[PDB]
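Quick look at the structure:
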């Protein structure tokens, strides 16, 4: 339910994944939120995926 | 561009910190008022006790 701006950037020449070997393109779409509960559950979710 | 609103957040928190600082000043001024009131009343007490001492003496 988060509503803060988006620090956008893109990664070119995607060096392989550290542990598998997949040279697949990457990017970052980052946002910051104040709620501690969010800092728990959102990060739990992202670790999940 | 988005740093504009991040700076808006910093403005809000700086205003809040100004409130905390002025509220610490309010605490300290309350302590000063406590000192002044206590010294005022104990001065009245001391004067009264001296007056009763002189009257009884």
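Chains as they are written, first to last, in PDB author numbering: chain a, 199 to 247; chain T, 3 to 59. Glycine included, C-beta positions come from ideal geometry on N, C-alpha and C.
Sheet register partners of residue i (DSSP bridge)
| i | result |
| --- | --- |
| residue 207/a | 226/a |
Check whether residue i and residue j have beta carbons under 8 Å apart
| i | j | result |
| --- | --- | --- |
| residue 208/a | residue 225/a | yes |
| residue 200/a | residue 229/a | yes |
| residue 231/a | residue 202/a | yes |
| residue 210/a | residue 221/a | no |
| residue 212/a | residue 223/a | yes |
Reduced DSSP secondary structure (H/G/I, E/B, other) of residue i
| i | result |
| --- | --- |
| residue 47/T | helix |
| residue 3/T | coil |
| residue 31/T | helix |
| residue 240/a | helix |
| residue 199/a | coil |
| residue 55/T | helix |
| residue 217/a | coil |
| residue 10/T | helix |
| residue 233/a | coil |
Compile a chain-ordered list of the residues in the stretch 3 to 35 of chain T whose CB is closer than 7 Å to at least one CB of chain a.
For chain a, the residues of the stretch 3 to 35 of chain T that bring a beta carbon within less than 7 Å of one of its beta carbons are 4, 7, in chain order.
If contact means a Cβ-Cβ distance below 8 Å, which residues of the stretch 221 to 246 of chain a contact chain T?
Cβ contacts with chain T: none found.
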